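Below you can see the structure in the form of structure tokens.
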């Protein structure tokens, strides 16, 4: 499923993402935008290390979810990577909350540093009623 901006914003707020571990809703929106373009079936194979990124937040198979073909993989979210490909993003959101419980927080995603950090991110939630 490809979410429309405000639709996703309201969905994330209902799932308790606003302010989760100090992270504003606009930051979560900026992250999903650059990670998958708000596309729940987005997948990306990393030829260099044999891992694959899955879903709206691009959860990696080496650390976060299990796909069975990634060497030395841990499954910190205790989820099959298939779970991060559903139209219902409850599981993808639960795994993203898990990622930020680590010390790096939102910085765990390099894309956030490149495209969101120290910028005006209000635009991601403007007019959404959240």
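Numbering (the numbering used here), first residue to last: 65 to 194. The beta carbon of each residue, even a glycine, is placed where N, CA and C say it ideally should be.
Skipping 5 residues on each side, what residues in its chain have a beta carbon closer than 8 Å to that of residue i?
i: residue 139; result: 128, 129 and 130
i: residue 192; result: 69, 70, 73 and 74
i: residue 172; result: 163, 164 and 166
Taking the C-alpha atoms as reference points, what is the distance between residue i and residue j?
i: residue 110; j: residue 116; result: 6 Å
i: residue 67; j: residue 136; result: 33 Å
i: residue 104; j: residue 98; result: 13 Å
Figure out for me which residue from the options has the closest Cα to the Cα of residue i.
i: residue 89; options: 106, 70 and 100; result: 70
i: residue 85; options: 164, 121 and 181; result: 164
i: residue 185; options: 157, 73 and 146; result: 73
i: residue 112; options: 106, 175, 104 and 126; result: 126
i: residue 78; options: 153, 136, 104 and 66; result: 153
i: residue 190; options: 87, 80 and 93; result: 93
Just reading off the alpha helix (DSSP H) that residue i is part of, what are its end residues?
i: residue 178; result: 174–179
i: residue 115; result: Note, residue 115: premise wrong, no alpha helix (DSSP H); beta strand (DSSP E) at 115–118.
i: residue 139; result: Looking at the DSSP string, residue 139 is not in any alpha helix (DSSP H), and its letter there is neither H nor E.
i: residue 65; result: Looking at the DSSP string, residue 65 is not in any alpha helix (DSSP H), and its letter there is neither H nor E.
i: residue 147; result: Unbroken run through residue 147: none, as it is neither H nor E.
i: residue 125; result: Run containing residue 125: none; DSSP gives neither H nor E here.
Going by beta carbon distance, what residues of the same chain come within less than 7 Å of residue i, once the five residues before and after it are set aside?
i: residue 161; result: 84
i: residue 108; result: 116, 117 and 122
i: residue 155; result: 143, 147 and 148
Residue i and residue j look like a contact to me (Cβ under 8 Å); what is the Cβ gap, rounded to whole Å?
i: residue 95; j: residue 119; result: No, residue 95 and residue 119 are not in contact; Cβ-Cβ is about 12 Å, not under 8 Å.
i: residue 180; j: residue 91; result: 6 Å
i: residue 145; j: residue 158; result: Not confirmed; about 14 Å, so no contact.
Leaving out five residues on either side along the sequence, give the residues of the same chain with a beta carbon under 6 Å from the beta carbon of residue i.
i: residue 168; result: none
i: residue 188; result: 90, 93 and 94
Taking the beta strand (DSSP E) that residue i falls in, what are its first and last residues?
i: residue 75; result: Residue 75 -> not in any beta strand (DSSP E); alpha helix (DSSP H) instead, spanning 69–78.
i: residue 108; result: 107–110
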